[PDB]
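Undergrad: Sequence and experimental coordinates follow.
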Amino acid sequence: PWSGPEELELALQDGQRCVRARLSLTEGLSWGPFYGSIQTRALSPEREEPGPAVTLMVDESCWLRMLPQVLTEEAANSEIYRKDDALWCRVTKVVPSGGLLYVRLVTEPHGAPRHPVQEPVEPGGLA
């Protein structure tokens, strides 16, 4: 079927793969870390990179890529974010059983300024 949790269900309706809430996904519920990655957009898609530039790199059977991707909150009933190199999924909106849910990919402008190789002048104090 897919590689997904028991809280979720991949239903084949007319041959269509429908990602429906099996259980009622309560806001606040989360799953454990998954291995993969998500290349966040550090660019503006209205300018450059509005396509496959932003993708989640997870196992092809993994349920995370089986859900329709959204940047919005209303459609997203669950979001995937990375925390300490690993992906975590949290339920942001309470999904009724049978209801479909969309996946919100983390797109935090981290800034990506590399790691400060130039040490703070006179460390210890100030902060």
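TA: The structure has been received and is ready for your questions. Residues are numbered from 1 along each chain as shown.
Undergrad: Specify the beta-bridge partners of the most centrally placed residue in the chain.
TA: What sits nearest the mean C-alpha location of the chain, by Cα atoms, centre = their mean, is residue 80, with 2.1 Å. Residue 80 has these beta-bridge partners by DSSP bridges: residue 89, residue 105.
Undergrad: cool, and residue 38?
TA: Applying DSSP bridges, one finds that residue 38 bridges with residue 56.
Undergrad: For it, grab the count of nearby residues.
TA: If you count neighbours by other Cβ atoms under 10 Å, residue 38 ends up with 18. For every residue, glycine as well, the C-beta is placed using N, CA and C.
Undergrad: That one: what's it in contact with?
TA: Under the criterion of Cβ atoms under 8 Å, 6 or more residues apart in numbering, the contact list for residue 38 reads 55, 56, 57, 80, 82, 87, 105, 106.
Undergrad: you'd agree residue 64 is in a helix?
TA: Yes: when classified by DSSP: H, G, I helix; E, B strand; the rest coil, residue 64 is found to be part of a helix.
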